[PDB]
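Since the structure comes first, as C-alpha cells, the remarks are kept for the end.
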Amino acid sequence: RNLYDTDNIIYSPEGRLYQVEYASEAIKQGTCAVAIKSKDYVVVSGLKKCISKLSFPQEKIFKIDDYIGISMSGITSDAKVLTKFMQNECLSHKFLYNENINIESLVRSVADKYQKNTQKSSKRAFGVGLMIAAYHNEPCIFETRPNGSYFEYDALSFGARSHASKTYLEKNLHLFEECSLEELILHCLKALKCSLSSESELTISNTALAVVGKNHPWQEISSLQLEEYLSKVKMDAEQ
Amino acid sequence: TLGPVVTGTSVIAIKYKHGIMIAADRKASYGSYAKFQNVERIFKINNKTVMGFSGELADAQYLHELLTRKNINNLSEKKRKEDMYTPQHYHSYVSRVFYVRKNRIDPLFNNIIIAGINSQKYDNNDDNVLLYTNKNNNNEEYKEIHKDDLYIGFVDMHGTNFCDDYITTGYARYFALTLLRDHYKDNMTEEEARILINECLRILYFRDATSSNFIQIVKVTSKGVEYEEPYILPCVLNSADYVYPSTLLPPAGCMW
C-alpha cells in the first residue's frame with residue numbers, strides 16, 4: 001500500500017503525484033510513433049495496432065488542420081477528446097480571425113487543458129500523450145504530457161519499446177536537417193522499424209505515415225507510395 | 001450607449017510608397033458645441049497597426065482599451081517577430097466585436113479604420129518591442145513597401161467590413177473619397193500623399209460643420225508608427241465673390 005497513490009490531489013512525502021505518473025505510464029503501453037523534421041518538412045510515422053487476424057488496424061495519426069496533424073499513444077478516448085478540442089480551436093480561429101492558428105498557442109491551450117484535469121479530486125489526468133507536427137513558418141514537432149507540460153523537439157518517439165527508435169534518432173539526428181523528403185521518409189520509417197518486435201515487419205496495413213511541409217499540407221501517404229518506400233527500406237536494410 | 005453624445009467627425013487613410021498615411025482633425029464635439037479641440041483620434045495598436053475612429057468618443061475609448069490589452073497579451077506570448085498580430089487580425093477582431101454587439105442590439109456608435117503593415121519582412125522592430133519608450137524621437141531611410149503588404153480596413157456599426165487602398169469615414173466618405181477615386185494613385189511619395197490628404201481636409205473644413213483645421217497626421221512605415229506634429233491647415237476662400245460687400249450689390253430684391 002502506497003497510501004499516497006489513491007487520490008490525484010495528494011503529494012507523496014517525496015513530492016510526487018502518483019496518479020499523474022500512472023497516467024503517464026499508460027503512454028508507454030501504446031504503439032510506437034516517430035516524428036522527424038528537416039529544414040522544410042516534418043514526417044510522422046507510427047505503428048497501427050491490430051487486435052486480431054479479422055480486425056482492421058487501429059488509426060494512429062489524425063489530421064487536425066490543413067498544416068497540423070497529431071499522433072498519440074495511450075488511452076484512445078482521451079486522445080479523441082483532445083483531437084476534437086484541437087480541431088475546434090483551429091477552425092474557430094479561422095472563423096474569427098481569417099488566419100491559420102499559431103501552433104504554439106494551440107499547444108499551450110492543449111497543455112492547459114491537460115493541467116486543469118490534475119488539480120481537482122473529481123478529475124483524472126488525460127492518460128495519453130500527443131505528438132504534434134505542423135508547419136507554421138517552419139517545421140515543428142511538439143509533445144504534450146499528462147502533467148500539463150509540453151516540449152518542442154527536432155526528433156521524437158514514444159510508445160512501447162520506443163527506446164530503440166530513440167537510439168536510432170539520436171544516432172542520425174545530425175543528418176535529418178539537410179536531407180530530402182524521400183530521405184527523411186526513409187529515416188522516419190527505419191527509426192520506426194527499429195522498434196519492431198522480432199517477428200514483425202512494416203506493411204501498408206500496419207504502418208501510418210504522414211508528411212507536412214512548406215507547400216505540403218498534412219497528407220498521409222498512399223498505399224502505392226508507402227509500399228515503394230517500404231520496399232526501399234527493406235532493400236537498403238539488406239545492404 | 002444609446003446614441004452619440006461626444007463625437008469625432010472623419011478619418012482618411014491611404015497607402016503610399018512607404019506605408020500608411022492616416023489623418024484626422026483633433027476635434028470632439030458636444031452636439032454643435034466644439035467642446036474639445038485637442039483630442040487624439042488615431043491610436044497606435046502595435047508597431048505596425050493603427051486605429052482611427054469617427055463617432056462616439058466613449059465607445060472609441062472602450063475599443064482602444066480592448067485593443068491595447070490584446071496587443072499586450074500578444075506581446076506576452078511572443079517568441080518571434082512573426083507571432084505579432086497583423087492589421088488584418090485586428091480588423092477581423094473588431095469586425096467580430098461589432099457583429100456580436102449588433103446581434104444584441106448594443107452597438108458601439110463608431111466607424112473604425114484599422115490600418116498598418118501586413119508583413120514582417122521590411123524591418124526588425126518587432127524583435128524587441130518597447131511599449132513605453134520610443135527611439136524614433138537611426139538616420140535610416142524608409143523602405144518602399146509593396147501595396148499588397150499594406151492593409152486598410154473599415155468597420156461600421158452593423159459590422160460591414162472591407163479593405164481597400166484608401167478608406168474614409170464620415171463626411172470624408174463624400175468629399176475626400178470623391179477626390180481620392182478621381183486622383184489617388186499607387187506608389188505616391190509622402191509629399192504627394194500629404195498634398196492630396198490636405199486638399200481633402202481643406203474641403204472638409206469648408207463643408208463639414210463638425211470638422212476643424214487642426215490636423216493630426218500619423219504614418220506607419222518601416223520605421224514604425226510615427227505621430228507627426230499637429231498643424232493648423234491654412235484654408236482660404238476660393239472666390240472673391242464671397243468677400244464682396246452686400247452694400248455694393250443692388251439694394252432691391254432677394255440680394256443675399
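In the C-alpha cells, each chain is lettered A, B, ... as it comes, each chain's residues begin at 1, and ligands are numbered from 1 in order of appearance.
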
Rows by chain and residue number, chain B within 7 Å of chain A, shortest pair, only C-alpha atoms, as JSON lines:
{"residue": "B:89", "atom": "CA", "partner": "A:97", "partner_atom": "CA", "distance": 5.6}
{"residue": "B:92", "atom": "CA", "partner": "A:97", "partner_atom": "CA", "distance": 5.2}
{"residue": "B:93", "atom": "CA", "partner": "A:97", "partner_atom": "CA", "distance": 6.4}
{"residue": "B:96", "atom": "CA", "partner": "A:96", "partner_atom": "CA", "distance": 7.0}

Saved selection, atoms kept: C-alpha atoms, as a tab-separated table (two decimals), in the first residue's frame:
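Written output follows (selection_34.tsv):
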chain	number	residue	atom	x	y	z
B	89	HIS	CA	-6.04	40.16	-37.46
B	92	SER	CA	-11.16	40.73	-38.06
B	93	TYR	CA	-11.30	41.09	-34.28
B	96	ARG	CA	-16.34	40.41	-34.86

Open item on the list: Applying 9 Å and only C-alpha atoms, which residues near residue 158 (chain A) remain after dropping the ones on its own chain fewer than 6 positions away? List them as number ranges by chain.
Closed with: A: 27-28, 30-34, 72-73, 129, 131, 165-166

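Taking only C-alpha atoms into account, residue 112 (chain A) lies nearest to A:148 out of the set A:127, A:148, A:13, A:213.
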
Open item on the list: Residues of region 26-222 of chain A classed as alpha helix (DSSP H) by DSSP on the backbone are to be reported as a PyMOL selection string.
Closed with: chain A and resi 26-28+76-97+103-116+163-176+181-193

Open item on the list: For the strand (DSSP E or B) assignment from backbone DSSP, which residues of region 16-156 of chain B qualify? Please present them as number ranges by chain.
Closed with: B: 16, 19-25, 28-30, 33-36, 42-46, 49-56, 110-117, 150-155

Open item on the list: What's around residue 205 (chain B) at 10 Å? Count only C-alpha atoms, leave out sequence neighbours fewer than 3 positions away in its own chain, and write the answer as a list in words.
Closed with: residues 25, 199, 200, 201, 202, 208, 209, 210, 211, 212, 213, 214, 233, 234 and 235 of chain B

- [ ] For region 178-195 of chain B, list every protein, DNA or RNA residue within 12 Å, evaluated using only C-alpha atoms, and leave out those in the same chain fewer than 4 positions away; present the list as a ChimeraX atom specification.
- [x] /B:12-23,142-148,150,164-168,171-174,199-204,215-221,228,233

Restricting the output to C-alpha atoms, write the selected residues as a tab-separated table (two decimals), in the first residue's frame.
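Full text of result-v9.tsv as output:
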chain	number	residue	atom	x	y	z
B	12	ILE	CA	-8.75	59.48	-44.01
B	13	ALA	CA	-6.26	56.65	-44.56
B	14	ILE	CA	-4.33	55.94	-47.77
B	15	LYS	CA	-1.49	53.70	-48.89
B	16	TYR	CA	1.59	55.39	-50.28
B	17	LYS	CA	5.01	54.12	-51.30
B	18	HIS	CA	6.35	53.88	-47.72
B	19	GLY	CA	3.26	52.61	-45.90
B	20	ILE	CA	0.07	54.10	-44.44
B	21	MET	CA	-0.79	57.76	-44.01
B	22	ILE	CA	-3.84	58.33	-41.80
B	23	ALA	CA	-5.28	61.71	-40.83
B	142	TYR	CA	12.23	54.39	-45.40
B	143	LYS	CA	11.71	51.08	-47.17
B	144	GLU	CA	9.34	51.00	-50.11
B	145	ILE	CA	6.55	48.62	-49.07
B	146	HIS	CA	4.61	46.82	-51.75
B	147	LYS	CA	0.96	47.85	-51.75
B	148	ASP	CA	-0.13	44.24	-51.24
B	150	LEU	CA	-0.25	47.18	-46.65
B	164	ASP	CA	-9.12	49.00	-49.96
B	165	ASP	CA	-6.18	51.20	-50.95
B	166	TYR	CA	-7.85	54.19	-49.28
B	167	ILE	CA	-10.59	54.29	-46.65
B	168	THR	CA	-12.66	57.20	-45.38
B	171	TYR	CA	-18.05	63.21	-44.36
B	172	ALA	CA	-14.79	62.11	-45.95
B	173	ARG	CA	-16.90	59.33	-47.50
B	174	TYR	CA	-18.33	62.05	-49.76
B	199	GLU	CA	-6.81	69.03	-50.14
B	200	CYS	CA	-9.41	66.62	-48.78
B	201	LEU	CA	-9.15	68.09	-45.27
B	202	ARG	CA	-9.49	71.63	-46.65
B	203	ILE	CA	-12.72	70.71	-48.42
B	204	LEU	CA	-13.94	69.09	-45.21
B	215	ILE	CA	-4.86	68.08	-38.26
B	216	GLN	CA	-3.05	65.10	-36.76
B	217	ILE	CA	-1.15	63.00	-39.32
B	218	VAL	CA	0.11	59.52	-38.46
B	219	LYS	CA	2.40	57.37	-40.60
B	220	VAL	CA	3.03	53.63	-40.45
B	221	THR	CA	6.25	52.79	-42.28
B	228	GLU	CA	3.61	63.98	-36.87
B	233	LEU	CA	-4.26	73.76	-42.06

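For the pair CA of residue 160 (chain A) and CA of residue 37 (chain A), the interatomic distance is 21.8 Å.
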
Open item on the list: Could you list, as a PyMOL selection string, every residue within 9 Å of residue 219 (chain A), counting only C-alpha atoms and ignoring same-chain residues fewer than 6 positions away?
Closed with: chain A and resi 63+66-67+69+209-212

Could those residues be written to a file, using C-alpha atoms, as an mmCIF file, in the first residue's frame?
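Result went into again_4.cif, see below:
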data_model
loop_
_atom_site.group_PDB
_atom_site.id
_atom_site.type_symbol
_atom_site.label_atom_id
_atom_site.label_comp_id
_atom_site.auth_asym_id
_atom_site.auth_seq_id
_atom_site.Cartn_x
_atom_site.Cartn_y
_atom_site.Cartn_z
ATOM 1 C CA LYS A 63 -5.426 15.468 -39.260
ATOM 2 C CA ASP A 66 -4.581 21.933 -43.107
ATOM 3 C CA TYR A 67 -0.984 22.115 -41.827
ATOM 4 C CA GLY A 69 -1.551 16.670 -37.612
ATOM 5 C CA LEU A 209 2.918 7.758 -42.448
ATOM 6 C CA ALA A 210 2.156 11.455 -42.949
ATOM 7 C CA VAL A 211 4.113 14.404 -44.325
ATOM 8 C CA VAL A 212 3.586 18.136 -43.826
#

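With CA of residue 112 (chain B) on one side and CA of residue 53 (chain B) on the other, the separation reads 4.6 Å.
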
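Rounded to one decimal, CA of residue 26 (chain A) and CA of residue 123 (chain A) lie 16.4 Å from each other.
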
At a cut-off of 12 Å, can you tabulate as JSON lines every residue of region 99-172 of chain A near region 75-89 of chain A together with its closest atom pair and the distance in Å to one decimal, using only C-alpha atoms and ordering rows by chain then number?
{"residue": "A:100", "atom": "CA", "partner": "A:89", "partner_atom": "CA", "distance": 10.4}
{"residue": "A:101", "atom": "CA", "partner": "A:89", "partner_atom": "CA", "distance": 8.2}
{"residue": "A:102", "atom": "CA", "partner": "A:89", "partner_atom": "CA", "distance": 10.6}
{"residue": "A:103", "atom": "CA", "partner": "A:86", "partner_atom": "CA", "distance": 10.4}
{"residue": "A:105", "atom": "CA", "partner": "A:89", "partner_atom": "CA", "distance": 10.1}
{"residue": "A:106", "atom": "CA", "partner": "A:86", "partner_atom": "CA", "distance": 7.2}
{"residue": "A:107", "atom": "CA", "partner": "A:86", "partner_atom": "CA", "distance": 8.6}
{"residue": "A:108", "atom": "CA", "partner": "A:86", "partner_atom": "CA", "distance": 11.0}
{"residue": "A:109", "atom": "CA", "partner": "A:86", "partner_atom": "CA", "distance": 8.7}
{"residue": "A:110", "atom": "CA", "partner": "A:86", "partner_atom": "CA", "distance": 7.3}
{"residue": "A:111", "atom": "CA", "partner": "A:82", "partner_atom": "CA", "distance": 10.2}
{"residue": "A:112", "atom": "CA", "partner": "A:82", "partner_atom": "CA", "distance": 11.5}
{"residue": "A:113", "atom": "CA", "partner": "A:82", "partner_atom": "CA", "distance": 8.6}
{"residue": "A:114", "atom": "CA", "partner": "A:82", "partner_atom": "CA", "distance": 9.1}
{"residue": "A:117", "atom": "CA", "partner": "A:78", "partner_atom": "CA", "distance": 11.8}
{"residue": "A:124", "atom": "CA", "partner": "A:78", "partner_atom": "CA", "distance": 10.8}
{"residue": "A:125", "atom": "CA", "partner": "A:78", "partner_atom": "CA", "distance": 9.4}
{"residue": "A:126", "atom": "CA", "partner": "A:78", "partner_atom": "CA", "distance": 5.9}
{"residue": "A:127", "atom": "CA", "partner": "A:75", "partner_atom": "CA", "distance": 5.6}
{"residue": "A:128", "atom": "CA", "partner": "A:75", "partner_atom": "CA", "distance": 5.4}
{"residue": "A:129", "atom": "CA", "partner": "A:79", "partner_atom": "CA", "distance": 7.8}
{"residue": "A:130", "atom": "CA", "partner": "A:79", "partner_atom": "CA", "distance": 7.6}
{"residue": "A:131", "atom": "CA", "partner": "A:79", "partner_atom": "CA", "distance": 10.7}
{"residue": "A:132", "atom": "CA", "partner": "A:86", "partner_atom": "CA", "distance": 10.5}
{"residue": "A:144", "atom": "CA", "partner": "A:82", "partner_atom": "CA", "distance": 10.9}
{"residue": "A:145", "atom": "CA", "partner": "A:79", "partner_atom": "CA", "distance": 11.8}
{"residue": "A:146", "atom": "CA", "partner": "A:78", "partner_atom": "CA", "distance": 10.6}
{"residue": "A:159", "atom": "CA", "partner": "A:75", "partner_atom": "CA", "distance": 11.8}

Can those selected residues be exported to a file as a JSON list (two decimals), in the first residue's frame so that it contains N, CA, C and O atoms?
[["chain", "number", "residue", "atom", "x", "y", "z"],
["A", 100, "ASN", "N", -4.62, 31.06, -40.13],
["A", 100, "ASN", "CA", -4.28, 29.79, -39.51],
["A", 100, "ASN", "C", -3.69, 30.03, -38.12],
["A", 100, "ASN", "O", -2.82, 30.88, -37.95],
["A", 101, "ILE", "N", -4.17, 29.27, -37.14],
["A", 101, "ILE", "CA", -3.79, 29.49, -35.76],
["A", 101, "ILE", "C", -2.28, 29.38, -35.57],
["A", 101, "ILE", "O", -1.58, 28.66, -36.30],
["A", 102, "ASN", "N", -1.77, 30.10, -34.58],
["A", 102, "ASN", "CA", -0.39, 29.94, -34.14],
["A", 102, "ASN", "C", -0.23, 28.61, -33.41],
["A", 102, "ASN", "O", -0.98, 28.32, -32.47],
["A", 103, "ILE", "N", 0.73, 27.79, -33.85],
["A", 103, "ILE", "CA", 0.85, 26.43, -33.32],
["A", 103, "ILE", "C", 1.25, 26.46, -31.85],
["A", 103, "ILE", "O", 0.80, 25.62, -31.06],
["A", 105, "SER", "N", 0.40, 28.66, -29.61],
["A", 105, "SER", "CA", -0.78, 28.99, -28.82],
["A", 105, "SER", "C", -1.71, 27.79, -28.70],
["A", 105, "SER", "O", -2.25, 27.51, -27.62],
["A", 106, "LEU", "N", -1.90, 27.05, -29.79],
["A", 106, "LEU", "CA", -2.73, 25.84, -29.74],
["A", 106, "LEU", "C", -2.14, 24.81, -28.79],
["A", 106, "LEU", "O", -2.86, 24.18, -28.01],
["A", 107, "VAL", "N", -0.82, 24.60, -28.85],
["A", 107, "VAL", "CA", -0.22, 23.59, -27.99],
["A", 107, "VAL", "C", -0.28, 24.02, -26.53],
["A", 107, "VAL", "O", -0.49, 23.20, -25.64],
["A", 108, "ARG", "N", -0.11, 25.32, -26.27],
["A", 108, "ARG", "CA", -0.26, 25.83, -24.91],
["A", 108, "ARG", "C", -1.68, 25.62, -24.41],
["A", 108, "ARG", "O", -1.89, 25.24, -23.25],
["A", 109, "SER", "N", -2.68, 25.86, -25.26],
["A", 109, "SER", "CA", -4.06, 25.63, -24.86],
["A", 109, "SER", "C", -4.30, 24.15, -24.57],
["A", 109, "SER", "O", -5.01, 23.81, -23.61],
["A", 110, "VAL", "N", -3.74, 23.26, -25.38],
["A", 110, "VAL", "CA", -3.84, 21.83, -25.12],
["A", 110, "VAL", "C", -3.21, 21.49, -23.77],
["A", 110, "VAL", "O", -3.77, 20.73, -22.98],
["A", 111, "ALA", "N", -2.03, 22.04, -23.50],
["A", 111, "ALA", "CA", -1.35, 21.75, -22.25],
["A", 111, "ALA", "C", -2.12, 22.29, -21.05],
["A", 111, "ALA", "O", -2.08, 21.71, -19.97],
["A", 112, "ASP", "N", -2.82, 23.41, -21.23],
["A", 112, "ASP", "CA", -3.63, 23.95, -20.14],
["A", 112, "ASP", "C", -4.87, 23.10, -19.91],
["A", 112, "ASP", "O", -5.31, 22.92, -18.76],
["A", 113, "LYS", "N", -5.45, 22.56, -20.98],
["A", 113, "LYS", "CA", -6.48, 21.54, -20.84],
["A", 113, "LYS", "C", -5.97, 20.35, -20.04],
["A", 113, "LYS", "O", -6.64, 19.86, -19.14],
["A", 114, "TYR", "N", -4.76, 19.89, -20.35],
["A", 114, "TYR", "CA", -4.12, 18.85, -19.55],
["A", 114, "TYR", "C", -4.05, 19.26, -18.08],
["A", 114, "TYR", "O", -4.47, 18.51, -17.20],
["A", 117, "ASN", "N", -7.04, 19.24, -15.49],
["A", 117, "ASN", "CA", -7.56, 17.95, -15.06],
["A", 117, "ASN", "C", -6.74, 17.32, -13.94],
["A", 117, "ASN", "O", -7.03, 16.19, -13.55],
["A", 124, "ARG", "N", -9.37, 13.18, -13.42],
["A", 124, "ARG", "CA", -8.13, 12.45, -13.61],
["A", 124, "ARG", "C", -7.37, 13.09, -14.76],
["A", 124, "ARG", "O", -7.94, 13.78, -15.61],
["A", 125, "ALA", "N", -6.06, 12.87, -14.78],
["A", 125, "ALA", "CA", -5.25, 13.34, -15.89],
["A", 125, "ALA", "C", -5.60, 12.56, -17.16],
["A", 125, "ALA", "O", -5.92, 11.37, -17.10],
["A", 126, "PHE", "N", -5.56, 13.25, -18.29],
["A", 126, "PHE", "CA", -5.61, 12.56, -19.57],
["A", 126, "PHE", "C", -4.51, 11.50, -19.61],
["A", 126, "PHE", "O", -3.34, 11.81, -19.40],
["A", 127, "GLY", "N", -4.90, 10.26, -19.87],
["A", 127, "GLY", "CA", -3.92, 9.19, -19.94],
["A", 127, "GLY", "C", -3.40, 8.96, -21.35],
["A", 127, "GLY", "O", -3.44, 7.84, -21.85],
["A", 128, "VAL", "N", -2.92, 10.02, -21.99],
["A", 128, "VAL", "CA", -2.45, 9.93, -23.37],
["A", 128, "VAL", "C", -1.43, 11.03, -23.61],
["A", 128, "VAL", "O", -1.49, 12.11, -23.00],
["A", 129, "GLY", "N", -0.47, 10.75, -24.48],
["A", 129, "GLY", "CA", 0.49, 11.74, -24.95],
["A", 129, "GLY", "C", 0.20, 12.10, -26.40],
["A", 129, "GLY", "O", -0.22, 11.24, -27.18],
["A", 130, "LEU", "N", 0.41, 13.36, -26.74],
["A", 130, "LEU", "CA", 0.20, 13.84, -28.10],
["A", 130, "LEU", "C", 1.53, 14.27, -28.69],
["A", 130, "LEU", "O", 2.26, 15.07, -28.10],
["A", 131, "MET", "N", 1.85, 13.72, -29.85],
["A", 131, "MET", "CA", 2.93, 14.20, -30.69],
["A", 131, "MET", "C", 2.29, 15.07, -31.77],
["A", 131, "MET", "O", 1.41, 14.60, -32.49],
["A", 132, "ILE", "N", 2.72, 16.33, -31.86],
["A", 132, "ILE", "CA", 2.08, 17.31, -32.72],
["A", 132, "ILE", "C", 3.10, 17.76, -33.76],
["A", 132, "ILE", "O", 4.20, 18.19, -33.41],
["A", 144, "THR", "N", 3.11, 16.67, -25.71],
["A", 144, "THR", "CA", 2.33, 17.07, -24.55],
["A", 144, "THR", "C", 2.22, 15.90, -23.60],
["A", 144, "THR", "O", 1.99, 14.76, -24.02],
["A", 145, "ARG", "N", 2.37, 16.17, -22.31],
["A", 145, "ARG", "CA", 2.38, 15.14, -21.28],
["A", 145, "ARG", "C", 1.15, 15.25, -20.37],
["A", 145, "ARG", "O", 0.54, 16.32, -20.27],
["A", 146, "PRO", "N", 0.77, 14.16, -19.70],
["A", 146, "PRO", "CA", -0.40, 14.23, -18.80],
["A", 146, "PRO", "C", -0.28, 15.26, -17.70],
["A", 146, "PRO", "O", -1.31, 15.75, -17.22],
["A", 159, "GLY", "N", 5.98, 5.41, -27.05],
["A", 159, "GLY", "CA", 5.23, 4.18, -27.15],
["A", 159, "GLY", "C", 6.06, 3.00, -26.69],
["A", 159, "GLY", "O", 7.23, 3.13, -26.32]]

Open item on the list: as number ranges by chain, please: the residues near residue 233 (chain A) (cut-off 9 Å, only C-alpha atoms, same-chain neighbours under 5 positions excluded).
Closed with: A: 186-187, 189-190, 228, 238
